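Quick notes on the structure that follows.
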Amino acid sequence: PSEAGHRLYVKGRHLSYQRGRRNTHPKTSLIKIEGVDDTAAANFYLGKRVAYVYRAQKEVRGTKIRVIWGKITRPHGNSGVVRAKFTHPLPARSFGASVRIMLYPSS
Amino acid sequence: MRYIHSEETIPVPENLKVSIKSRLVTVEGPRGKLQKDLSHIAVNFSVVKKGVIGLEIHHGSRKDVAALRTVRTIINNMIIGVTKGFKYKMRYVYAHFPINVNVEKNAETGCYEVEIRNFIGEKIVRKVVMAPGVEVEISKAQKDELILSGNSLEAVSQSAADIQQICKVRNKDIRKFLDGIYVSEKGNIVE
Amino acid sequence: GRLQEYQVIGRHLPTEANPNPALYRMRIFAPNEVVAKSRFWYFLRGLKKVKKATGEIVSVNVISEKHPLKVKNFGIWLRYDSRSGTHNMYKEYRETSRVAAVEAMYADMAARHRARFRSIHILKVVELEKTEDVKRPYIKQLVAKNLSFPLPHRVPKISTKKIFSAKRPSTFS
Amino acid sequence: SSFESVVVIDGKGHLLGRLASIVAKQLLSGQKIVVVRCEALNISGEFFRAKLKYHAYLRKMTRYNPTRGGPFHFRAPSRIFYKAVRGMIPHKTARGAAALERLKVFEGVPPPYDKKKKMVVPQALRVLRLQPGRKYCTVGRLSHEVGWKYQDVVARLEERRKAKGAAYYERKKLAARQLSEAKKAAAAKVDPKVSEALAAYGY
Amino acid sequence: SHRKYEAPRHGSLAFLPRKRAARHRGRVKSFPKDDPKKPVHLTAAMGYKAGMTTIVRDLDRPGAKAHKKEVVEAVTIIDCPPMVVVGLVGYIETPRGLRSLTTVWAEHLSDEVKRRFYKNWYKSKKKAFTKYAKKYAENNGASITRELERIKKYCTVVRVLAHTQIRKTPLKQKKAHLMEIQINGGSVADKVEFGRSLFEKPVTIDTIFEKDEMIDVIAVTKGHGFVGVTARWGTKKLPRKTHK
Amino acid sequence: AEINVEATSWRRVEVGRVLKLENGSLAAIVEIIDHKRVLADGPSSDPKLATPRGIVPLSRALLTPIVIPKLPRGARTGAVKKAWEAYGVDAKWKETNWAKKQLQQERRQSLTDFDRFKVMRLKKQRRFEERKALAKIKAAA
RNA sequence: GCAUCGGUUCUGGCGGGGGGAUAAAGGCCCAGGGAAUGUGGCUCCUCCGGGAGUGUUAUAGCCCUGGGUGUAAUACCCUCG
RNA sequence: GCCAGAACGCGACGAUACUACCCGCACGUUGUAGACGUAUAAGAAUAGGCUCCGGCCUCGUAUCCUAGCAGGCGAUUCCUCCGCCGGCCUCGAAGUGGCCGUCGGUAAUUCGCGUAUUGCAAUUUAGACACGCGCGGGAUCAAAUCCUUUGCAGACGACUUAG
Ligand SMILES: [K+]
Ligand SMILES: [K+]
Ligand SMILES: [K+]
Ligand SMILES: [K+]
Ligand SMILES: [K+]
Ligand SMILES: [K+]
Ligand SMILES: [Mg+2]
Ligand SMILES: [Mg+2]
Ligand SMILES: [Mg+2]
Ligand SMILES: [Mg+2]
Ligand SMILES: [Mg+2]
Ligand SMILES: [Mg+2]
Ligand SMILES: [Mg+2]
C-alpha cells in the first residue's frame with residue numbers, strides 16, 4: 001500500500017556568506033540548488049521561500065525543532081548559485097548543511 | 001607547420017603471414033615467430049593490396065613524422081630475419097698473448113655461454129651470457145673467428161656487442177695496444 | 001568582427017595662394033571610424049607636409065567584400081620593427097575576405113615574432129587569382145587535388161557542471 | 001549536480017593534481033568521497049623529472065631535532081595523493097579538519113568497496129587531457145623507488161579479486177540473455193493497445 | 001670560521017637513542033629467509049650465560065704466519081637445558097604488514113610457564129588455562145582441529161611457542177621464559193604437521209645447531225647508571241686548571 | 001600471403017559529406033578551407049533541417065554516414081539543391097539511429113503531469129506479463 | 001500571509017520607424033567573355049583498383065562584365081512604444 | 001641487515017568477583033559537521049571496442065522502483081513482489097554471500113463504504129547509528145597496588161626476582 005515518498009521541496013546546501021578575498025558579510029548567504037547549472041535555470045526560483053530546520057535540547061511549545069525562514073533574492077555568478085536573505089543570518093557552523101527550497105509563491 | 005598526410009608501404013612475400021592487433025605485430029614464417037609491441041607510437045595500419053601493408057600518420061608534426069620510416073624498417077627487418085636470418089662474425093686481434101675462447105650450451109636455461117681467457121695475459125676469467133635464440137659457434141673455415149646467428153637482428157647485434165665491450169685495455173695508450181674482439185662482417189644465414 | 005576596411009580622403013586647408021588643393025586617398029583597417037581618421041593623419045604626416053591642424057577630412061566610407069562566400073588566397077606585404085632594426089616580410093593566407101586576412105595576420109605576427117599592433121605597417125593586400133601564384137608550402141597542401149582527411153582522437157564535448165561520469169568516454173566520434 | 005550519500009572514484013588513469021582540486025571542493029561543500037586504486041594514478045612528464053622532485057622534498061628536515069616539527073615524508077601512493085589534497089584545504093581550522101574527515105584513500109580495492117559502483121571524473125582523465133606524444137609516469141612506480149614495501153602484496157591481491165569478478169560477470173551475462181528472451185515472448189502475448197500508447201509516449 | 005684541524009666525530013649515530021631497553025629478554029627482529037626445498041627445522045633457541053675460559057688448538061690457514069702452530073683463544077660457555085614446545089601461531093600477508101590470526105595451545109602446561117602470566121602467583125587461584133583445556137574433551141576436540149585447518153588454508157608463516165626449564169639451573173628464579181621460533185622448511189601443511197607433533201615434548205639444542213657453525217647472539221648489555229660525557233662518548237679531557 | 005589487420009576506420013571530411021550541427025540542422029560540404037573550417041550549406045525543404053550558406057567550424061559538427069555522389073567542388077546553391085533532392089537526403093536521414101534517438105528524446109520532454117501518471121500505469125501492466133514469462137523460463141532452467 | 005499603489009533598481013519578451021553602394025551578398029531570368037585542381041566524349045597504358053593525354057558543356061559544373069524583378073530580404077548602427 | 005617504537009596506530013590469545021557479562025522486550029532523561037527513493041560491482045583499449053553472432057557504440061537525455069486515512073474496512077480478482085525466522089554450504093585485504101523451508105504481508109483487472117472543522121500558509125516532530133534506564137531469562141566466582149625480599153638494576157621513581 002502506497003510504496004511512495006512525500007517530498008514537495010527541492011534540496012539545497014549552504015555554502016558561505018557574501019565575501020571578498022579577506023572580508024565577509026553575514027547578512028547574505030550563498031545557496032547551491034540541486035540540478036540548476038546556469039543563470040536561466042536559476043531565474044525560476046527567484047522569490048521562493050527557504051527553510052533551515054535543526055534540532056535543539058529542550059522543548060518549548062511541543063517540539064525540539066527550530067526553523068529560520070528566508071527567501072531567494074537574485075542569482076550569483078554564471079553557474080546557478082543564488083543569493084538569499086534570512087530573518088536572522090545563518091549560524092556559520094552550517095557551511096555544508098542542507099536547506100529546503102519551497103515552491104510556495106507560484107507562477 | 002603540420003603535414004596532412006604521410007604514408008609508407010611494406011611488401012610481404014607469399015611464404016609468411018602477418019597479424020596486427022592493438023599495435024602488436026606478429027610475424028610468422030619458415031624459421032620461427034617474432035613479436036613486437038609498438039603501442040608508444042600513434043600510427044594507423046591498413047591493408048593496401050593483396051600483399052602490401054600500409055602505414056599512415058595524419059596531421060603530424062615534423063618530429064612525429066620522422067618515426068614513420070623507423071617503424072617501416074623495424075618491421076621489414078622482422079620479415080627478413082624470419083625468412084632468411086642474420087649472421088654476424090667476429091675476429092680475434094692480439095699482438096703477444098693469445099686469446100682463448102670456450103663456448104658451452106647451458107642446460108637449465110637453454111642459452112649459450114662464452115668464456116674468455118688470457119686477455120693481455122690476465123688471470124681473471126671473463127664470462128658472457130648470450131640472449132635466448134642466439135647461437136654461437138667456433139669457426140672451422142679459418143682461425144680466430146666467431147659466428148653468431150639467429151632470427152632477431154636486435155638479439156644478434158646486442159649479444160655481439162656484449163662480447164666486444166667486455167674486452168678493454170685500461171691505463172694504456174689504446175692507439176698502441178689494439179687487442180680485443182671486433183665485429184668484421186654482417187650478413188644473412190641464407191645467401 | 002573586430003576590423004573593417006575604410007576609405008578616407010583628406011586635403012590641406014585651402015589658402016589664397018593655393019585654392020583647390022590636391023586630394024589624397026588611403027585604405028585603412030580599423031575597428032571604428034574614430035581611430036580610422038587618427039590612423040589616416042599618422043600615415044600622411046610621414047609622406048606629405050600636412051598636419052591635422054592645417055587640413056580637413058573630406059569623406060569616410062566603408063568598403064564591403066564583393067563575394068563573402070568564395071574561398072580565396074591572399075598575399076600581404078608588410079614592414080615591422082623588431083627589438084633591433086626594421087624588416088620586410090611577405091606572408092599568405094586563405095579565407096573569404098580581406099578583413100579576415102588582416103585579422104589573421106595580426107594574430108600571426110604576435111605569436112611568431114612578438115610584434116605588436118603599434119609596430120606594423122601594411123603595404124599591400126592582393127588576391128592571388130591563379131593557382132600558380134601560390135608560393136608558401138603551407139598553402140600548397142591545402143589547394144591539392146582531391147583533398148580529404150579523417151579526424152582521429154576527438155574528445156567528446158561534456159558539460160562542465162556534470163562531474164562524476166558513470167562510464168569511460170570514447171574518442172572515436 | 002547531484003547529492004549522494006557517498007561517491008567512490010576509481011583512481012586509475014586520473015591526473016594527480018587535477019583530481020585533487022575537484023575532490024577538495026566537493027569535501028568543503030559537504031560531500032563524502034572515497035578513492036581507491038591510488039597506485040594507478042598518473043603524473044604528466046617523464047618519470048625522471050618526478051624522481052628529482054621527490055628528492056628535493058626529501059632533503060628538507062629540521063636541523064636541531066629531526067623527531068619534531070620536521071616535514072615527515074610519507075611513501076605510500078595513497079599518502080602522496082593525500083598530501084596533494086591537504087594543500088588545497090585550510091587544514092589548520094576546525095572547518096578544514098571536519099572536511100578532511102569525509103575522505104578515505106586506499107591502495108587496491110579493499111573488501112568494503114568492491115561489489116560497489118566506481119565513478120570517473122572526466123575533467124581529470126589522462127586520455128582526454130594529454131596531447132598524444134607527451135610522456136607520463138605512474139605514482140605506483142615512484143612510491144616503489146622511495147621506499148614503499150607492499151607493491152607485490154597489492155599486485156597479488158588485485159589478481160585474486162579480478163578472478164572472482166570473471167565469475168560474477170559470467171552470471172550477469174546469462175541473466176541479461178534470459179531477460180531479453182522473456183520480453184520477446186511476453187510482447188506478442190497480450191498487450192493489444194498498451195504497446196502503441198507507450199510507443200507514442202516514447203517508451 | 002672553520003675548525004683549525006680535522007678529526008672524526010666521537011661515537012656513532014646509528015645506535016642513537018641511548019635509553020634503557022624496553023624488555024629484559026632479547027628480541028629477534030628478523031629470521032633467515034625461507035626455502036621450501038629444504039627439510040623442516042627450527043631456527044633459534046635460548047639459554048643462560050655461565051662464564052668464560054681458555055682453550056688451545058693448532059691453526060689451519062695456509063699462507064698465515066701461525067699456520068700449523070698452536071694458538072691460545074678465549075671462549076664463552078652457555079648453559080642450555082632442553083626446551084618444551086607449547087603451541088604454534090599463523091601469519092598472513094596484508095597491505096599493512098604481517099598479522100597473526102590464530103594461535104592454538106596444548107592441553108597441559110607446566111607451572112613454570114603459568115608463572116609467566118602472573119605478577120602475584122603465590123596468592124592467586126591459578127586458573128590460567130583451566131577453561132581452555134576443556135576444549136580437548138568436547139566433540140573430540142573439533143574446535144582445536146578447526147583452528148589447525150585454518151592455518152593450513154590461509155597462513156604463509158608458521159612459528160612455534162617454547163619455554164625454558166629454569167628449574168634445571170642453579171638460579172633462584174622460578175618463572176620461565178617464553179618466545180616464538182619460526183619454522184623454515186618444505187610446505188605449510190608440512191610445517192603444521194611437524195609443529196603439532198612436538199606438543200609438550202622436550203627439544204635438545206644438538207638437534208638445532210651443530211659444530212663449526214656461525215651463529216648470532218642477542219641480549220641486553222651490562223648496565224651502568226648516569227654517566228658523564230668523558231666515559232659515555234669518549235671526549236678529550238680538559239686542562240688541569242679548568243674552573244667549574 | 002596472409003595479412004590480418006584490425007585497426008580504426010574513420011569517416012573522412014570531403015566534398016559531399018553531410019554534417020550534423022548542434023541544433024539538429026544538416027549541411028553538405030562544398031569546400032575545404034583549413035584543417036578546422038569548412039564551407040557548407042543545406043538546401044532542405046524542412047524548416048527544421050535547413051541551414052544557410054556559410055563557414056562551419058569542425059569542432060561543432062558530427063559526420064553522418066551520408067555522402068552525396070559526384071558533388072562538384074564549389075557548386076552554388078542551385079546545383080546543391082538539385083543534387084540534394086535527387087539523392088533523397090531527407091529520407092535517408094530519417095532512417096538513421098541518430099534521428100530516432102532525437103525523436104524519442106523530444107517525446108519524453110513533452111509529457112504533462114497527467115501523461116506521467118498514465119505512463120506509470122501502462123508500464124505496470126506490461127511488467128506483469130514480463131515477470132510471468134521470466135519465471136516460466138527460469139524455472140525450466 | 002495576500003491584493004491594489006508610490007520611490008529606487010536588476011532582468012526577460014513583443015510591435016514599428018530611419019541610415020549605408022537607398023547595405024554588400026543571394027535565388028530566378030536576359031546578354032557577352034574566359035579558363036582548369038578539365039564534366040561528358042575520343043586516344044594510350046593496367047584489369048589490379050585506376051592512371052596519363054586531348055580539349056571549353058555535352059550526360060557535371062565554375063569564374064569575370066552589364067541588365068530586370070527591386071524602393072527584395074537579412075546583418076550592423078541609431079531611434080518611438 | 002642494524003637502533004627507537006606513534007605514550008590519541010593496529011593484530012592474536014588467557015583469566016575476568018562486583019547484576020561488571022550475554023540474549024529478548026519496552027521506553028527516552030539523551031548524543032551525532034547535518035536521512036527525507038541517501039536504489040545501481042565486470043576487466044581492458046582510446047591510431048579502438050561490446051555482443052544473445054542477428055548486429056551495436058557522440059549522448060546516464062540511462063535502468064530499477066514509484067497510486068490506496070503518513071495510505072482505512074470489505075469484495076472481485078492474481079501467483080507476482082517483499083520481510084522476520086530456521087537449516088545447509090561459502091567468505092581472511094579491515095571476512096561476505098548463495099540455495100532451500102515454514103510463516104506473515106501484497107491493485108496485474110474492476111468496485112462499495114470512510115475522509116470535512118488542522119477553519120485561506122506556518123519543520124511533513126517520521127531515518128540510521130551510538131548512550132542510558134526498567135523488566136524477564138541465561139552464564140560467571142578474578143586480579144592489581146602498598147608491604148616484606150632480591151641486585152642480572154638503580155640519583156629518586158622505574159626494572160629483573162621471591163613471599
Ligand atoms: K674556528
Ligand atoms: K522592464
Ligand atoms: K533601407
Ligand atoms: K539580383
Ligand atoms: K577526360
Ligand atoms: K480507498
Ligand atoms: Mg702510462
Ligand atoms: Mg676543514
Ligand atoms: Mg682559575
Ligand atoms: Mg513597483
Ligand atoms: Mg533595393
Ligand atoms: Mg531594402
Ligand atoms: Mg606504542
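Scheme for the C-alpha cells: letters A, B, ... for chains in order shown; per-chain residue numbers from 1; ligand numbers from 1 in order shown.
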Open item on the list: Hey, which residues sit close to ligand 9? Say within 12 Å, counting only C-alpha atoms (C1' of nucleotides) and all ligand atoms, and write them as a ChimeraX atom specification.
Closed with: /E:239-244
Generate the output file for the selected residues, N, CA and C atoms, as a PDB file, in the first residue's frame.
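Saved result, selection.pdb, follows:
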```
ATOM      1  N   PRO E 239      92.048  20.795  30.356  1.00  0.00           N
ATOM      2  CA  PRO E 239      93.279  21.000  31.132  1.00  0.00           C
ATOM      3  C   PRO E 239      93.059  20.949  32.637  1.00  0.00           C
ATOM      4  N   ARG E 240      94.183  20.919  33.355  1.00  0.00           N
ATOM      5  CA  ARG E 240      94.163  20.722  34.800  1.00  0.00           C
ATOM      6  C   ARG E 240      93.628  21.941  35.538  1.00  0.00           C
ATOM      7  N   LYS E 241      93.800  23.137  34.976  1.00  0.00           N
ATOM      8  CA  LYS E 241      93.453  24.379  35.654  1.00  0.00           C
ATOM      9  C   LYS E 241      92.093  24.924  35.228  1.00  0.00           C
ATOM     10  N   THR E 242      91.186  24.056  34.787  1.00  0.00           N
ATOM     11  CA  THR E 242      89.875  24.483  34.321  1.00  0.00           C
ATOM     12  C   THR E 242      88.930  24.720  35.493  1.00  0.00           C
ATOM     13  N   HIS E 243      88.331  25.905  35.537  1.00  0.00           N
ATOM     14  CA  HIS E 243      87.354  26.236  36.562  1.00  0.00           C
ATOM     15  C   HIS E 243      86.004  25.611  36.229  1.00  0.00           C
ATOM     16  N   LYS E 244      85.313  25.132  37.268  1.00  0.00           N
ATOM     17  CA  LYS E 244      83.953  24.593  37.162  1.00  0.00           C
ATOM     18  C   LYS E 244      83.911  23.259  36.411  1.00  0.00           C
TER      19      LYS E 244
END
```
TODO: Name the residues in contact with residue 180 of chain E at a cut-off of 9 Å, using only C-alpha atoms (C1' of nucleotides), excluding same-chain residues fewer than 3 positions from it; report them as a PyMOL selection string.
DONE: chain E and resi 44+88-89+159-162
Take the selection from the previous step and output its residues with C-alpha atoms, as a PDB file, in the first residue's frame.
```pdb
ATOM      1  CA  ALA E  44      66.552 -20.394  17.248  1.00  0.00           C
ATOM      2  CA  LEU E  88      52.061 -22.530  17.340  1.00  0.00           C
ATOM      3  CA  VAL E  89      50.908 -19.355  15.560  1.00  0.00           C
ATOM      4  CA  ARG E 159      56.063 -20.174  14.295  1.00  0.00           C
ATOM      5  CA  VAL E 160      56.184 -22.292  17.445  1.00  0.00           C
ATOM      6  CA  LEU E 161      55.889 -21.367  21.126  1.00  0.00           C
ATOM      7  CA  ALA E 162      58.523 -22.751  23.503  1.00  0.00           C
TER       8      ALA E 162
END
```
Task: Surrounding residues of segment 9-24 of chain H excluding itself and chain neighbours under 4 positions, 7 Å, only C-alpha atoms (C1' of nucleotides), as JSON, numbers by chain - done: {"E": [99, 100, 101, 102, 103, 127, 128, 129], "H": [141, 142]}
Cut-off 10 Å, only C-alpha atoms (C1' of nucleotides) and all ligand atoms, neighbours of ligand 2 as a PDB file with C-alpha atoms (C1' of nucleotides), in the first residue's frame:
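As a result, pocket-v4.pdb now contains:
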```pdb
ATOM      1  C1'   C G  10      18.149  44.229 -11.726  1.00  0.00           C
ATOM      2  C1'   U G  11      16.411  41.041 -15.553  1.00  0.00           C
ATOM      3  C1'   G G  12      13.164  38.533 -19.931  1.00  0.00           C
ATOM      4  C1'   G G  13       9.782  39.084 -24.355  1.00  0.00           C
TER       5        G G  13
END
```
Please check which protein, DNA or RNA residues sit within 12 Å of ligand 12, counting only C-alpha atoms (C1' of nucleotides) and all ligand atoms, and write them as a PDB file with N, CA and C atoms (P, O5', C5', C4', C3', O3' and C1' of nucleotides), in the first residue's frame.
```pdb
ATOM      1  P     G G  19      15.921  56.538 -44.782  1.00  0.00           P
ATOM      2  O5'   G G  19      17.423  56.327 -44.300  1.00  0.00           O
ATOM      3  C5'   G G  19      18.256  57.430 -43.974  1.00  0.00           C
ATOM      4  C4'   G G  19      19.633  56.974 -43.561  1.00  0.00           C
ATOM      5  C3'   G G  19      20.416  56.199 -44.607  1.00  0.00           C
ATOM      6  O3'   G G  19      21.093  57.082 -45.485  1.00  0.00           O
ATOM      7  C1'   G G  19      20.576  55.125 -42.483  1.00  0.00           C
ATOM      8  P     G G  20      21.432  56.667 -46.996  1.00  0.00           P
ATOM      9  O5'   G G  20      22.747  55.785 -46.866  1.00  0.00           O
ATOM     10  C5'   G G  20      23.915  56.319 -46.256  1.00  0.00           C
ATOM     11  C4'   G G  20      25.006  55.288 -46.123  1.00  0.00           C
ATOM     12  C3'   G G  20      25.404  54.583 -47.421  1.00  0.00           C
ATOM     13  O3'   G G  20      26.815  54.393 -47.450  1.00  0.00           O
ATOM     14  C1'   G G  20      24.790  52.984 -45.803  1.00  0.00           C
ATOM     15  P     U G  22      23.440  54.114 -52.023  1.00  0.00           P
ATOM     16  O5'   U G  22      22.124  53.350 -51.553  1.00  0.00           O
ATOM     17  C5'   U G  22      22.052  52.740 -50.270  1.00  0.00           C
ATOM     18  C4'   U G  22      20.631  52.458 -49.845  1.00  0.00           C
ATOM     19  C3'   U G  22      19.833  51.535 -50.763  1.00  0.00           C
ATOM     20  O3'   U G  22      18.967  50.725 -49.972  1.00  0.00           O
ATOM     21  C1'   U G  22      18.707  53.593 -50.545  1.00  0.00           C
ATOM     22  P     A G  23      18.852  49.151 -50.255  1.00  0.00           P
ATOM     23  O5'   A G  23      20.291  48.581 -49.887  1.00  0.00           O
ATOM     24  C5'   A G  23      20.762  48.589 -48.549  1.00  0.00           C
ATOM     25  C4'   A G  23      22.268  48.653 -48.486  1.00  0.00           C
ATOM     26  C3'   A G  23      23.020  47.613 -49.303  1.00  0.00           C
ATOM     27  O3'   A G  23      23.160  47.981 -50.665  1.00  0.00           O
ATOM     28  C1'   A G  23      23.906  47.680 -47.120  1.00  0.00           C
ATOM     29  P     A G  24      23.223  46.861 -51.814  1.00  0.00           P
ATOM     30  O5'   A G  24      24.558  46.054 -51.506  1.00  0.00           O
ATOM     31  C5'   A G  24      25.834  46.645 -51.705  1.00  0.00           C
ATOM     32  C4'   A G  24      26.941  45.727 -51.255  1.00  0.00           C
ATOM     33  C3'   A G  24      26.968  44.358 -51.910  1.00  0.00           C
ATOM     34  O3'   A G  24      27.569  44.363 -53.190  1.00  0.00           O
ATOM     35  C1'   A G  24      27.185  44.104 -49.582  1.00  0.00           C
ATOM     36  P     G G  70       9.453  44.400 -58.050  1.00  0.00           P
ATOM     37  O5'   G G  70      10.571  45.528 -58.104  1.00  0.00           O
ATOM     38  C5'   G G  70      10.558  46.616 -57.186  1.00  0.00           C
ATOM     39  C4'   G G  70      11.946  47.144 -56.925  1.00  0.00           C
ATOM     40  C3'   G G  70      12.773  47.439 -58.171  1.00  0.00           C
ATOM     41  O3'   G G  70      13.642  48.536 -57.904  1.00  0.00           O
ATOM     42  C1'   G G  70      13.848  45.769 -56.888  1.00  0.00           C
ATOM     43  P     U G  71      13.078  50.039 -57.960  1.00  0.00           P
ATOM     44  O5'   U G  71      13.105  50.516 -56.442  1.00  0.00           O
ATOM     45  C5'   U G  71      14.310  50.476 -55.689  1.00  0.00           C
ATOM     46  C4'   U G  71      14.051  50.363 -54.207  1.00  0.00           C
ATOM     47  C3'   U G  71      13.163  49.197 -53.776  1.00  0.00           C
ATOM     48  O3'   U G  71      13.621  48.691 -52.526  1.00  0.00           O
ATOM     49  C1'   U G  71      12.205  51.231 -53.054  1.00  0.00           C
ATOM     50  P     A G  72      14.713  47.515 -52.483  1.00  0.00           P
ATOM     51  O5'   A G  72      13.932  46.278 -51.862  1.00  0.00           O
ATOM     52  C5'   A G  72      12.669  45.879 -52.367  1.00  0.00           C
ATOM     53  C4'   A G  72      12.398  44.432 -52.057  1.00  0.00           C
ATOM     54  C3'   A G  72      12.942  43.933 -50.729  1.00  0.00           C
ATOM     55  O3'   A G  72      12.129  44.267 -49.620  1.00  0.00           O
ATOM     56  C1'   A G  72      13.570  42.435 -52.415  1.00  0.00           C
ATOM     57  P     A G  73      12.811  44.684 -48.228  1.00  0.00           P
ATOM     58  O5'   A G  73      13.355  43.309 -47.635  1.00  0.00           O
ATOM     59  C5'   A G  73      12.478  42.228 -47.356  1.00  0.00           C
ATOM     60  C4'   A G  73      13.244  40.959 -47.085  1.00  0.00           C
ATOM     61  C3'   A G  73      14.163  40.984 -45.873  1.00  0.00           C
ATOM     62  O3'   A G  73      13.479  40.698 -44.666  1.00  0.00           O
ATOM     63  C1'   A G  73      15.340  40.135 -47.735  1.00  0.00           C
ATOM     64  P     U G  74      13.857  41.462 -43.306  1.00  0.00           P
ATOM     65  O5'   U G  74      15.323  40.948 -42.958  1.00  0.00           O
ATOM     66  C5'   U G  74      15.558  39.603 -42.572  1.00  0.00           C
ATOM     67  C4'   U G  74      17.030  39.274 -42.584  1.00  0.00           C
ATOM     68  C3'   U G  74      17.916  40.127 -41.690  1.00  0.00           C
ATOM     69  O3'   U G  74      17.899  39.719 -40.333  1.00  0.00           O
ATOM     70  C1'   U G  74      18.895  39.958 -43.828  1.00  0.00           C
TER      71        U G  74
END
```
Open item on the list: Just list as number ranges by chain whatever in segment 23-239 of chain E DSSP marks as helix (DSSP H, G or I).
Closed with: E: 111-117, 130-137, 142-154, 166-168, 188-196, 205-207, 229-232
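Of the listed residues E:96, E:55, E:24, E:4, the one whose atoms come nearest to chain D is E:96, with distances taken using only C-alpha atoms.
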Open item on the list: How would you report the residues lying within 7 Å of ligand 1, as a PyMOL selection string, if you count only C-alpha atoms (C1' of nucleotides) and all ligand atoms?
Closed with: chain E and resi 1-4
Residues from last step as file, C-alpha atoms, as a short mmCIF file (atom, residue, chain, number, x, y, z; two decimals), in the first residue's frame:
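Output file again.cif is given in full below:
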```
data_model
loop_
_atom_site.label_atom_id
_atom_site.label_comp_id
_atom_site.auth_asym_id
_atom_site.auth_seq_id
_atom_site.Cartn_x
_atom_site.Cartn_y
_atom_site.Cartn_z
CA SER E 1 85.20 30.18 10.80
CA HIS E 2 86.32 26.63 10.11
CA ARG E 3 87.78 24.37 12.78
CA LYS E 4 91.57 24.58 12.79
#
```
Task: Test item: residues no farther than 10 Å from ligand 10, counting only C-alpha atoms (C1' of nucleotides) and all ligand atoms, as number ranges by chain - done: G: 5-8
Proximity check chain A to chain H, 6 Å, nearest pairs one decimal Å, only C-alpha atoms (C1' of nucleotides), as a Markdown table:
```
| residue | atom | partner | partner_atom | distance |
| --- | --- | --- | --- | --- |
| A:2 | CA | H:71 | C1' | 5.7 |
| A:4 | CA | H:66 | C1' | 5.9 |
| A:97 | CA | H:34 | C1' | 5.3 |
```
- [ ] Within 6 Å of segment 119-132 of chain B, counting only C-alpha atoms (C1' of nucleotides), which residues show up once you throw out same-chain ones fewer than 5 positions away? Write them as a PyMOL selection string, please.
- [x] chain B and resi 97+99+111-114+159
Write the residues you've just listed into a file as a PDB file, in the first residue's frame, and include N, CA and C atoms for each of them.
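Output file result_37.pdb is given in full below:
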```pdb
ATOM      1  N   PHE B  97      99.890 -11.986 -26.358  1.00  0.00           N
ATOM      2  CA  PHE B  97      99.181 -13.016 -25.609  1.00  0.00           C
ATOM      3  C   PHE B  97      98.018 -13.552 -26.428  1.00  0.00           C
ATOM      4  N   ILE B  99      94.427 -15.292 -27.244  1.00  0.00           N
ATOM      5  CA  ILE B  99      93.128 -15.244 -26.582  1.00  0.00           C
ATOM      6  C   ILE B  99      92.460 -16.602 -26.724  1.00  0.00           C
ATOM      7  N   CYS B 111      70.490 -21.459 -22.891  1.00  0.00           N
ATOM      8  CA  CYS B 111      71.245 -20.386 -23.508  1.00  0.00           C
ATOM      9  C   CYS B 111      72.685 -20.828 -23.754  1.00  0.00           C
ATOM     10  N   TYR B 112      73.452 -19.959 -24.400  1.00  0.00           N
ATOM     11  CA  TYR B 112      74.866 -20.186 -24.650  1.00  0.00           C
ATOM     12  C   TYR B 112      75.702 -19.288 -23.753  1.00  0.00           C
ATOM     13  N   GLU B 113      76.884 -19.773 -23.393  1.00  0.00           N
ATOM     14  CA  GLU B 113      77.814 -19.027 -22.561  1.00  0.00           C
ATOM     15  C   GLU B 113      79.182 -19.019 -23.223  1.00  0.00           C
ATOM     16  N   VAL B 114      79.904 -17.916 -23.057  1.00  0.00           N
ATOM     17  CA  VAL B 114      81.214 -17.733 -23.668  1.00  0.00           C
ATOM     18  C   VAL B 114      82.195 -17.301 -22.590  1.00  0.00           C
ATOM     19  N   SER B 159      74.063  -9.091 -28.537  1.00  0.00           N
ATOM     20  CA  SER B 159      74.948 -10.117 -27.998  1.00  0.00           C
ATOM     21  C   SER B 159      76.370  -9.951 -28.515  1.00  0.00           C
TER      22      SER B 159
END
```
Task: Residues of chain F within 10 Å of chain G, counting only C-alpha atoms (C1' of nucleotides), as a ChimeraX atom specification - done: /F:53,70-79
- [ ] Extract, using only C-alpha atoms (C1' of nucleotides), all DNA, RNA and protein residues at most 10 Å from segment 204-213 of chain E, discarding same-chain residues fewer than 5 positions from it, and format them as number ranges by chain.
- [x] E: 41-47, 80-84
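The neighbours of residue 188 of chain B here are the residues that come within 6 Å of it, using only C-alpha atoms (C1' of nucleotides) and leaving out any residue fewer than 6 positions away in the same chain; they are residues 85, 86 and 87 of chain B.
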Output for the residues just chosen: N, CA, C and O atoms as a compact mmCIF listing (two decimals), in the first residue's frame:
```txt
# COMPACT_ATOMS: atom_id res chain seq x y z
N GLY B 85 67.15 -14.95 -41.86
CA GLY B 85 68.01 -14.98 -40.70
C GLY B 85 69.22 -14.07 -40.85
O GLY B 85 69.58 -13.63 -41.94
N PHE B 86 69.86 -13.79 -39.71
CA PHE B 86 71.00 -12.89 -39.65
C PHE B 86 72.23 -13.65 -39.16
O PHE B 86 72.11 -14.73 -38.57
N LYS B 87 73.40 -13.09 -39.42
CA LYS B 87 74.65 -13.79 -39.13
C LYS B 87 75.78 -12.78 -39.02
O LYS B 87 76.14 -12.15 -40.02
```
Close residues to ligand 6 using only C-alpha atoms (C1' of nucleotides) and all ligand atoms, limit 10 Å, as a PDB file with C-alpha atoms (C1' of nucleotides), in the first residue's frame:
```pdb
ATOM      1  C1'   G H  68      -4.615   3.456  -1.743  1.00  0.00           C
ATOM      2  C1'   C H  69      -6.519   7.622   6.091  1.00  0.00           C
ATOM      3  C1'   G H  71      -2.075   5.310   2.910  1.00  0.00           C
ATOM      4  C1'   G H  72      -8.564   2.529   6.438  1.00  0.00           C
ATOM      5  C1'   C H  73     -12.572  -1.684   6.206  1.00  0.00           C
ATOM      6  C1'   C H 113     -18.470   2.160   2.329  1.00  0.00           C
ATOM      7  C1'   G H 114     -14.966   6.127   5.360  1.00  0.00           C
ATOM      8  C1'   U H 115     -12.241  11.032   4.877  1.00  0.00           C
TER       9        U H 115
END
```
Task: For residue 151 of chain B: contacts at 10 Å, only C-alpha atoms (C1' of nucleotides), fewer than 4 positions along chain excluded, given as a VMD selection string - done: chain B and resid 31 to 34 77 to 87 133 to 135 155 to 156 188 to 189
Open item on the list: Taking only C-alpha atoms into account, name the residue in A:82, A:30, A:40, A:10 that is nearest to residue 94 of chain A.
Closed with: A:30
Open item on the list: From a backbone DSSP assignment, name each residue in segment 53-154 of chain E labelled strand (DSSP E or B), as a ChimeraX atom specification.
Closed with: /E:53-58,70-79,83-94,97-105
